[PDB]
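Trainee: Have a look at this one.
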Amino acid sequence: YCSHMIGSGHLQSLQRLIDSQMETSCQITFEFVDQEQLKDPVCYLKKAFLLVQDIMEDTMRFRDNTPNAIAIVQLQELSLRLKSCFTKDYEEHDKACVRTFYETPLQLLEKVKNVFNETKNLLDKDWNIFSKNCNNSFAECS
Amino acid sequence: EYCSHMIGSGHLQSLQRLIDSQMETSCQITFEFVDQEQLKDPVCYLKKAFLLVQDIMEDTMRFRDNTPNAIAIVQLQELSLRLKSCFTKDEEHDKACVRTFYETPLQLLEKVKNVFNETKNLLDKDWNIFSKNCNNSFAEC
Amino acid sequence: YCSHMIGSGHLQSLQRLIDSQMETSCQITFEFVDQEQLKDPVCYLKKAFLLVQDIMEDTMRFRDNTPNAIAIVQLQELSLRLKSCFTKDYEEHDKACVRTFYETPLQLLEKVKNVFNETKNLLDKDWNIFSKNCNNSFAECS
Amino acid sequence: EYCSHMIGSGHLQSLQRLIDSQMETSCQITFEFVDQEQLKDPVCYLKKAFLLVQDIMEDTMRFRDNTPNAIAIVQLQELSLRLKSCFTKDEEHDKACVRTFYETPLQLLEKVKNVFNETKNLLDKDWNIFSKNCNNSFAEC
Amino acid sequence: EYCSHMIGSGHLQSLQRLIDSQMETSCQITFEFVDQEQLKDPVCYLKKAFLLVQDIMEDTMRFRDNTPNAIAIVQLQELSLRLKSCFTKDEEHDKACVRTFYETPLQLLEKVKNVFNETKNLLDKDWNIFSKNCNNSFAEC
Amino acid sequence: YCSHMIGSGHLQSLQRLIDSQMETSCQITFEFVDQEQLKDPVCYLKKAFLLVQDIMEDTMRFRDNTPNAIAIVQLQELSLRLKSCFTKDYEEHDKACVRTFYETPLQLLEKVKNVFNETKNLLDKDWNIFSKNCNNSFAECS
Amino acid sequence: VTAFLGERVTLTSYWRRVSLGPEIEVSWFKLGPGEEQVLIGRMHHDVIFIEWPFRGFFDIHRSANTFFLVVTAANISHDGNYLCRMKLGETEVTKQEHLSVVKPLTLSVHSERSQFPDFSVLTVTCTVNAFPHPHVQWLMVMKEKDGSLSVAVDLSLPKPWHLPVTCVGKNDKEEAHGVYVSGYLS
Amino acid sequence: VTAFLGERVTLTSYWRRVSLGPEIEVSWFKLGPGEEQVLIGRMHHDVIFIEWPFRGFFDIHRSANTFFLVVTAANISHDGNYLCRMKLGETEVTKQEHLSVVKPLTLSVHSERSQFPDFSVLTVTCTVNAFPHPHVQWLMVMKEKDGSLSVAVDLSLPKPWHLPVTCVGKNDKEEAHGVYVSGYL
Amino acid sequence: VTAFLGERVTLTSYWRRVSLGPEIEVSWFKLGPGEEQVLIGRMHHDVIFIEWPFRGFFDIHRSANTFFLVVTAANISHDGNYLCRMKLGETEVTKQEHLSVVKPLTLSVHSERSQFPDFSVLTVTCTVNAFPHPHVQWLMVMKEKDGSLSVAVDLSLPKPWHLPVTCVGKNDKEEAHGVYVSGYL
Amino acid sequence: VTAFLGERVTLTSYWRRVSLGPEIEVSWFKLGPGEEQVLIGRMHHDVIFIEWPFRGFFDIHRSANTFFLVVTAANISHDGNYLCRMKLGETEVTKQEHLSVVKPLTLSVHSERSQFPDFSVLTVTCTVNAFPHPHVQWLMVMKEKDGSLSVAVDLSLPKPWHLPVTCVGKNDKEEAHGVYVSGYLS
Amino acid sequence: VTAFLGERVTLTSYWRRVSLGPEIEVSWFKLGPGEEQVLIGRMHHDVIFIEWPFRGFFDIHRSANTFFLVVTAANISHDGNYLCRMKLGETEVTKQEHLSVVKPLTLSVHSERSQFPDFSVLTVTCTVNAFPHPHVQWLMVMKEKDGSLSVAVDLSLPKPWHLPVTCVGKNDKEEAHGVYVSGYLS
Amino acid sequence: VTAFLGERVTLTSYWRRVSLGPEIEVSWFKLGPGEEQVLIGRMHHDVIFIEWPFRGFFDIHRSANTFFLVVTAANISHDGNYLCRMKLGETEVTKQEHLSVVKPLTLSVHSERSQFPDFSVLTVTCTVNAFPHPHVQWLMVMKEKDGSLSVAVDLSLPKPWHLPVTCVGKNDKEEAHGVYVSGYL
Ligand SMILES: *[C@@H]1O[C@H](CO)[C@@H](O[C@@H]2O[C@H](CO)[C@@H](O[C@@H]3O[C@H](CO)[C@@H](O)[C@H](O)[C@@H]3O)[C@H](O)[C@H]2NC(C)=O)[C@H](O)[C@H]1NC(C)=O
Ligand SMILES: *[C@@H]1O[C@H](CO)[C@@H](O[C@@H]2O[C@H](CO)[C@@H](O[C@@H]3O[C@H](CO)[C@@H](O)[C@H](O)[C@@H]3O)[C@H](O)[C@H]2NC(C)=O)[C@H](O)[C@H]1NC(C)=O
């Protein structure tokens with residue numbers, strides 16, 4: 001039942017955010033999963049996804065009551081549900097396998113989209129996928 | 001007479017749709033624009049501001065081709081191409097009265113929106129307004 | 001009776017001392033009343049006079065038994081009498097309102113003569129003049 | 001013959017009256033006079049000493065005009081003016097045999113008194129004494 | 001043929017008598033001799049060594065005239081004078097193959113004794129031995 | 001009986017040692033009686049002689065069983081006897097009146113010969129000569 | 001721009017097209033005399049390198065399309081014109097800036113009395129050190145190590161001294177006064 | 001981060017929310033031992049001021065929510081921990097970065113023959129001056145002014161001298177070899 | 001007495017009786033704290049000898065009953081009390097004089113604008129170097145090598161800068177003003 | 001002979017006739033350029049005197065017929081030819097010696113990476129200080145105060161760095177290698 | 001006059017008419033070479049001022065009609081002629097004085113023995129430093145910083161040394177002897 | 001032995017038996033106070049090595065059973081006791097020598113006349129700088145840098161000055177005289 005928790009309409013809105021942002025040299029600092037340190041395809045996503053949600057509040061922001069601002073609140077509402085399709089692992093590992101990037105906002109959104117797109121894809125195959133205790137795979141990161 | 005009916009309400013809306021769309025950040029950029037303090041007259045301010053806006057959009061506002069916003073820009077440039085006729089030209093004062101602003105893109109779009117909106121309102125009031133040759137005002141700069 | 005304590009013959013001898021001294025560049029140091037600090041005409045003289053007497057012993061000196069040496073002893077004898085026409089004031093003020101001068105001996109004698117001449121003059125008017133307690137007028141000096 | 005009776009006893013007295021009169025002090029002054037050591041002969045010593053004394057009184061001994069002492073000096077200069085005849089002159093040795101003394105005025109007057117007194121006594125003994133030409137003695141200096 | 005019978009046993013004895021006689025000390029001296037390492041061939045080694053020994057004795061081994069040892073030296077020089085004929089000569093290599101030894105006199109006499117003794121033994125074996133011209137061997141040095 | 005303790009044959013052997021040594025620049029250090037410090041002809045010899053014997057062992061050396069080596073042993077044998085013709089003086093003075101020389105071995109032997117020759121000569125005159133207590137004459141040396 | 005001595009100051013330049021920042025080969029220069037161009041430092045893809053002479057005195061950094069030449073601490077030598085040349089491929093664009101350095105003037109007054117023939121002639125002295133244009137004047141040039149300019153003037157006052165007396169010093173539009181009022185003695 | 005000697009280097013800090021850049025009161029420190037704080041410089045609303053001690057050695061500049069600390073030219077002194085204090089009103093956030101400065105090692109070889117009791121013992125010397133961790137060893141600590149660390153080792157070879165001989169020097173992962181092949185005599 | 005820096009100065013003492021000058025054994029001292037005595041020089045029968053420390057700085061000469069102590073060129077060190085000891089046989093008389101040395105004040109004004117948090121606060125500085133008593137105050141201590149005393153004061157002016165501003169400096173009775181009228185920008 | 005830097009070294013000479021030692025008037029010289037002869041020191045009857053210039057650097061002593069010129073401590077200046085002239089009466093004999101001084105080479109290797117336009121080009125440096133003949137070479141001149149000779153060579157390696165890389169240094173027959181194996185970072 | 005080195009010395013002058021002292025404008029000079037006149041100091045009405053060069057080295061003071069030029073401490077440079085010019089109104093009078101400075105001679109004797117070919121030749125040395133005229137002589141020129149003059153002489157004595165030996169040194173009329181009596185060794 | 005300053009000097013030691021020279025392990029020391037040992041150099045089989053401190057100042061060489069210690073140029077420092085340690089196997093013999101360095105005395109005479117209270121007292125001065133034992137006295141200690149000892153004496157002569165006056169200086173047996181005959185004035 002988690003396979004169709006993430007609606008297709010959600011990726012549609014995200015694509016709009018991307019295709020609706022202005023192109024510039026501008027660059028910012030944001031937290032995100034260290035891809036090199038955490039290479040396991042499944043645990044990487046599980047962690048990447050949970051991370052995006054904390055990041056989303058203060059990173060992806062728009063004027064209140066705008067089409068995009070609504071798109072963001074919808075993505076948050078979506079997570080409140082998903083909170084069940086994931087199992088708690090451990091608190092030590094929050095901020096583990098995480099690094100920092102200094103890159104353009106468009107490049108961030110591309111990462112966020114990519115994370116939502118792959119996440120949805122994996123869920124379609126198996127809705128029980130993100131119940132995994134990745135504690136051991138988190139341990140390698142530093 | 002025909003200038004009054006060119007800048008459509010719809011154009012101002014799309015500009016707002018671009019602004020509302022933009023993501024808020026501390027990011028700042030340098031762009032050319034009219035120095036409001038250096039040249040304070042409102043009528044001439046719009047007059048010169050406009051000539052910059054046309055060269056501005058090319059380098060400043062960019063979106064992936066065929067996106068709602070990229071298309072929105074094309075509608076504005078076309079609008080501007082025909083509009084140049086409704087304005088009298090006084091080109092020596094180019095590079096004069098222009099100052100560089102280090103400001104966020106939102107502040108920019110707000111400046112551009114302000115120009116188009118102020119323009120529309122002023123044109124509606126008078127289609128013959130822009131016969132003035134503020135060459136003297138430019139000298140004040 | 002003090003008005004005619006100072007004989008005219010005394011000033012006569014003093015004038016001789018002056019007109020009988022040799023003119024030179026020579027200069028000496030002697031004590032004398034500070035004229036600027038003590039400006040009161042009456043107390044200035046009372047103090048100037050008493051001061052001249054101590055000064056006279058060691059300042060105005062001549063070969064023993066000469067006309068001038070006698071003139072000096074006569075001036076001293078004159079004072080021993082005057083000691084009554086003056087009233088004691090205070091001992092603090094001895095060496096108060098007094099300064100030092102570096103000038104020629106002739107200039108000293110001119111000062112001494114001047115002091116005797118004015119003193120005699122004031123006494124002629126009032127013989128009770130130098131009974132004044134000038135303690136207060138001495139206090140200003142420094 | 002006439003030289004013997006010129007320097008009066010009265011003149012020596014007045015000189016003493018000036019000396020007795022002077023006030024005693026540490027004061028010292030520089031004056032020109034004959035160097036006694038450099039030229040030791042007593043007869044020639046008085047001879048030269050005299051020529052200096054005449055130029056000396058003008059600059060050295062001064063008193064207010066018409067005082068007993070100022071007049072006393074005039075009596076001595078007059079005395080000296082006529083006396084020059086009783087002395088034979090040998091002028092080249094001028095500036096020679098003269099030394100500067102830094103001494104008290106009393107010491108000076110004593111030197112001058114000594115000269116006049118020694119002179120009078122020596123003249124009384126011999127009026128013809130000063131025929132000698134000590135040019136040789138001056139060379140000793 | 002005649003060379004075989006020249007170096008008498010008696011000569012070797014006297015050399016030993018000089019050696020046995022010498023007083024033992026740490027004393028060391030510098031003398032010229034053939035470098036054994038530089039030229040290793042035994043037959044040529046004796047050949048050159050000999051030419052040096054003749055110039056050597058004059059400067060090296062000295063005794064008071066007419067002493068048993070001084071006379072002993074004379075018998076050796078005479079022996080050497082006639083011996084030169086039994087040796088073929090190859091003089092350019094003089095100053096070549098000679099090295100300086102800083103060694104005790106006993107070590108020297110032992111070197112000289114060794115030469116004469118080795119010589120005698122080798123001559124006895126062959127009187128015709130010293131026809132070789134080791135000019136090539138000298139070049140090896 | 002000490003006069004003919006030192007045979008003539010002994011000096012003969014010593015002369016041979018000298019005339020049988022090689023002449024060189026070589027020089028060595030050896031102890032020997034200070035001639036200047038100890039000038040007394042009799043005590044000088046008595047001390048010079050006793051000194052030569054200690055010196056002889058390690059100074060005058062030759063290959064074992066050679067003519068000269070034998071000559072040395074004979075000189076030592078000679079001393080073992082003479083030990084009676086001399087009287088003990090004092091032990092303080094051993095190494096007193098002694099100095100060091102840096103000279104050729106031939107010059108040493110000349111000194112040794114000279115010492116044996118003069119010693120024999122003095123003994124011929126008086127065989128009781130070397131019974132003298134020279135302690136006092138040793139004292140001057142330093 | 002204008003900046004005072006020792007202060008941090010920044011000259012800026014930028015690339016018209018806002019899309020590009022790191023891609024631009026930035027290079028700042030120092031206009032010496034005779035239109036000489038002394039390379040201060042460079043930047044490209046956020047790899048900055050300052051020539052060793054200017055090292056520590058100048059730095060370059062970027063934010064989006066804008067490029068900054070930061071003067072860590074300005075000195076009088078830095079007064080002059082600078083140049084930023086930006087290049088994308090074969091096309092190049094140039095911007096020119098004039099940094100005017102200023103050293104706030106220092107007006108100093110002091111006096112000393114004649115020692116001969118008497119002690120009656122008092123001479124007050126007014127000295128003003130500033131940059132770029134010091135100037136001193138009484139109301140009736142030396143170079144320093146800093147690179148600044150000192151200049152001074154004297155005034156002689158016979159007794160009676162007509163005090164007070166004022167001297168006017170100024171650095172262009174900057175200005176200050178120095179007034180000698182009374183002596184120590186009288 | 002890691003950087004070599006003399007090179008330019010930048011440490012970064014940032015504000016969590018991307019909305020704010022200038023509003024943040026940024027201030028960088030140099031952490032001495034005991035995590036003691038030495039003020040390098042401050043920034044606020046793009047007005048920067050570096051303390052005179054660090055002037056010319058360090059600079060601060062901003063881009064969006066990011067805050068840069070620029071090391072003009074790094075020296076050994078700079079190696080250590082740095083701390084950024086970002087304050088907005090009553091809230092304050094601290095971010096810590098570690099700058100590791102490195103001086104490329106310099107391996108040197110040199111030999112000497114014993115002068116007593118003989119000239120038969122050859123002692124070859126391998127010297128490696130690096131930072132932070134120089135190391136030398138033969139195959140069979142002194143402090144400099146620049147702040148680096150020199151270390152050396154000797155190898156004694158009795159006659160006959162077994163050559164070649166190799167010494168391995170290295171600075172952590174950096175590494176180089178020195179080989180004495182033959183003597184002059 | 002009072003004298004300025006570098007100038008020539010003379011303190012005097014004298015004998016009570018005018019009869020005697022040369023006979024008196026004159027000797028001058030420099031009184032350090034605690035009225036301690038440091039011998040400057042002596043005089044007797046016109047034979048003078050100055051101690052080598054003070055040689056060239058001080059001299060003694062006589063005129064009649066008077067005795068002069070000449071300061072060739074006065075420096076701040078000389079400021080203090082001096083004591084003359086005049087001895088004739090068994091009697092001895094002491095006379096004390098005070099030399100006050102003065103360095104004409106030097107009033108200087110200079111300004112700077114704050115570099116943090118903004119460039120809006122102008123701090124003007126008034127510096128007065130004098131002796132013995134420098135003093136500075138705005139209208140609204142360091143020791144030098146020459147021995148003088150420098151003192152300064154700062155005045156902060158928030159925008160808008162209320163100019164002119166006057167600072168009053170003075171050295172006892174000596175006095176001068178400094179006025180900052182306008183900035184460069 | 002051959003001797004290394006700082007070592008004690010002795011040149012010798014002697015008199016043919018072994019009977020005589022002190023009688024010989026010995027005198028050593030230092031062959032400067034142009035067949036110049038600089039008197040080092042003398043000896044006769046065991047009375048030695050070294051000229052003050054060489055004092056402490058050279059000494060003379062004798063043992064029998066042999067004469068020794070001792071170099072207390074050799075320096076590069078001492079490399080050259082020496083001369084001993086012995087005289088007995090009017091006849092003289094001369095001996096010549098060549099002292100070759102040597103300073104064991106010092107091979108040093110080190111690297112530093114480009115700071116612009118990137119950090120990809122690593123340049124290793126090979127420096128060899130020796131005497132008399134230093135020589136450096138990569139396998140793909142300055143004078144020191146000691147009197148020695150330093151020489152060095154550089155090698156530029158674009159990434160990928162083809163490490164290891166070897167440099168060969170040598171002093172005539174003396175030789176040593178320096179190999180840079182790996183960088184600190186990668 | 002004559003005065004020794006370091007001593008205080010006074011040159012004097014005076015005004016004929018004994019009535020006047022302060023009224024006279026006194027001025028002392030220093031006669032350099034070529035009849036040059038270097039103003040030392042001045043005085044008038046008891047206001048004295050010494051030119052800064054001579055400051056501390058010279059001082060002027062008065063007593064009645066007499067004027068004094070005091071040399072605080074004499075040095076060799078001060079040897080020469082001085083000039084005092086007194087002026088009352090337009091008329092002037094001049095006095096000239098010659099200050100002869102003297103540095104008491106210093107006679108020093110010492111020896112050293114030959115180091116080659118033997119130790120038999122003893123060379124004694126006699127050195128005399130004085131001013132103005134030093135002179136040394138055995139019985140069988142350098143300038144110092146003080147301004148004085150040093151001069152010395154040597155004597156070679158082959159063994160037997162004919163000691164004692166005397167050297168005579170003198171500064172004009174001043175004189176002293178130095179006698180080497182016996183060596184340390186014999 | 002005894003030697004003068006700057007001269008070359010040699011101390012000697014030797015082996016008792018004349019048979020052995022090279023075999024002996026020779027080593028010389030410089031005896032500081034307390035008979036403490038400072039190693040100068042060693043020799044064995046004609047291989048010599050001087051410690052770097054004494055390098056150039058001292059050398060060792062051998063001739064037969066003798067062992068020389070050569071002082072290139074002697075200075076005052078060298079004066080003292082030296083000790084030679086000669087070792088052969090289990091036996092060891094020590095020989096001690098004393099080097100007395102001497103600096104030829106330098107006698108100097110110089111005079112001054114009193115400057116106070118008058119110029120009547122002439123004080124002549126006799127100065128003798130020698131080593132090891134300088135001595136001065138009139139007929140009627142300071143240490144230098146070279147290590148020698150200077151001493152002087154003053155003689156006061158009231159007017160009339162009784163001249164000549166003689167001062168006798170000497171360094172042990174070495175001796176010289178100084179005579180002041182007349183003044184300049
Ligand atoms: C102000 O005046 C005083 C003197 O009243 C000066 O102090 C004195 O300065 C001199 C040298 O300038 C000192 O003498 C020196 O002694 C040293 C050895 O200690 C010597 O090497 C020098 O050649 C010189 O002779 C003297 O000791 C010192 N103090 C006193 C009390 O005499 C002072 O220098 C003057 N200036 C200033 C700025 O204070
Ligand atoms: C007298 O002779 C002695 C030696 O017997 C001299 O003392 C020695 O002097 C040398 C240098 O002149 C010292 O060596 C020096 O070491 C320093 C480092 O501490 C170094 O920088 C120098 O290059 C030099 O190598 C030596 O330590 C010293 N003492 C001893 C016992 O060796 C002395 O200099 C001679 N002259 C005098 C006036 O004493």
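Convention: chains lettered A, B, ... in structure tokens order; per-chain residue numbering from 1; ligands numbered from 1 as shown.
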For chain F, report every residue with an atom at most 7 Å from chain J (counting only C-alpha atoms), formatted as a list in words.
Mentor: residues 23, 24, 25, 26 and 27 of chain F
Trainee: Quick one: residues within 8 Å of stretch 49-65 of chain I, only C-alpha atoms, excluding same-chain residues fewer than 2 positions away - as a VMD selection string?
Mentor: (chain C and resid 26 to 29) or (chain D and resid 25 to 28) or (chain I and resid 14 to 22 39 to 43 46 to 47 67 to 74) or (chain K and resid 8 56 to 57 61 to 64 72 to 73) or (chain L and resid 115 to 116)
Trainee: Which residues are close to residue C:18, i.e. within 10 Å by only C-alpha atoms, leaving aside same-chain residues fewer than 5 positions away? Reply as a VMD selection string.
Mentor: (chain C and resid 13 23 105 to 110 113) or (chain D and resid 21 to 23 63 to 64 67)
Trainee: Fewer than 3 positions away in the same chain doesn't count, so skip those; otherwise give me all residues within 10 Å of stretch 41-47 of chain B, counting only C-alpha atoms, as a compact mmCIF listing (two decimals) with N, CA and C atoms, in the first residue's frame.
Mentor:
```
# COMPACT_ATOMS: atom_id res chain seq x y z
N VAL B 34 18.80 51.53 -13.92
CA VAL B 34 18.78 52.99 -13.78
C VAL B 34 18.93 53.41 -12.33
N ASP B 35 19.82 54.36 -12.09
CA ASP B 35 20.02 54.89 -10.75
C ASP B 35 18.89 55.85 -10.40
N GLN B 36 18.02 55.41 -9.49
CA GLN B 36 16.84 56.19 -9.11
C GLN B 36 17.20 57.51 -8.43
N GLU B 37 18.23 57.48 -7.59
CA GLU B 37 18.66 58.68 -6.87
C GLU B 37 19.30 59.67 -7.83
N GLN B 38 20.15 59.16 -8.71
CA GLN B 38 20.88 59.97 -9.67
C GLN B 38 19.93 60.69 -10.63
N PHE B 50 13.47 51.49 -19.37
CA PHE B 50 12.95 50.57 -20.38
C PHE B 50 14.04 50.10 -21.35
N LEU B 51 14.86 51.02 -21.84
CA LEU B 51 15.88 50.67 -22.82
C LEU B 51 16.85 49.64 -22.24
N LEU B 52 17.09 49.71 -20.94
CA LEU B 52 17.96 48.76 -20.27
C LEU B 52 17.27 47.41 -20.13
N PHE B 87 8.09 55.49 -27.76
CA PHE B 87 9.04 56.28 -26.99
C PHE B 87 9.94 57.12 -27.90
N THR B 88 10.09 58.39 -27.56
CA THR B 88 11.05 59.25 -28.24
C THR B 88 12.44 59.00 -27.66
N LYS B 89 13.45 59.05 -28.51
CA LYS B 89 14.82 58.80 -28.08
C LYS B 89 15.63 60.09 -28.06
N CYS B 97 23.75 57.49 -16.03
CA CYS B 97 22.53 57.25 -15.26
C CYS B 97 22.30 55.77 -14.98
N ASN B 114 7.81 46.37 -11.25
CA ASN B 114 7.49 47.74 -10.89
C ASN B 114 7.50 48.64 -12.12
N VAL B 115 8.48 48.43 -13.00
CA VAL B 115 8.61 49.23 -14.20
C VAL B 115 7.43 49.01 -15.15
N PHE B 116 7.14 47.75 -15.45
CA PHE B 116 6.03 47.43 -16.35
C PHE B 116 4.70 47.90 -15.78
N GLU B 118 4.14 50.30 -13.36
CA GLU B 118 4.14 51.76 -13.36
C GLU B 118 3.91 52.27 -14.78
N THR B 119 4.54 51.60 -15.74
CA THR B 119 4.40 51.96 -17.14
C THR B 119 2.93 51.86 -17.57
N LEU B 122 0.73 54.48 -16.11
CA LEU B 122 1.03 55.81 -16.61
C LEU B 122 0.58 55.96 -18.07
N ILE B 129 2.26 60.83 -23.24
CA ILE B 129 3.18 61.23 -22.18
C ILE B 129 4.65 61.28 -22.62
N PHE B 130 5.08 60.27 -23.38
CA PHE B 130 6.51 60.10 -23.66
C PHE B 130 6.97 60.83 -24.92
N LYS B 132 8.52 63.79 -24.18
CA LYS B 132 9.57 64.57 -23.53
C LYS B 132 10.96 64.08 -23.91
N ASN B 133 11.88 65.03 -24.04
CA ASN B 133 13.29 64.73 -24.26
C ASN B 133 14.10 65.18 -23.06
N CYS B 134 14.32 64.26 -22.13
CA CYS B 134 14.91 64.59 -20.85
C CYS B 134 16.43 64.72 -20.92
N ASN B 135 16.99 64.83 -22.12
CA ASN B 135 18.43 65.01 -22.27
C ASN B 135 19.02 65.88 -21.17
N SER B 137 17.71 66.16 -18.09
CA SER B 137 17.65 65.34 -16.89
C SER B 137 18.85 64.39 -16.82
N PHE B 138 19.24 63.85 -17.97
CA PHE B 138 20.39 62.94 -18.03
C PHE B 138 21.66 63.68 -17.65
```
Trainee: Please indicate the distance in Å from atom CA of residue L:109 to atom CA of residue L:126, rounded to one decimal place.
Mentor: 4.7 Å
Trainee: In Å, rounded to a single decimal, give me how far atom CA of residue K:11 is from atom CA of residue K:175.
Mentor: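 So the two atoms, atom CA of residue K:175 and atom CA of residue K:11, lie 27.6 Å apart.
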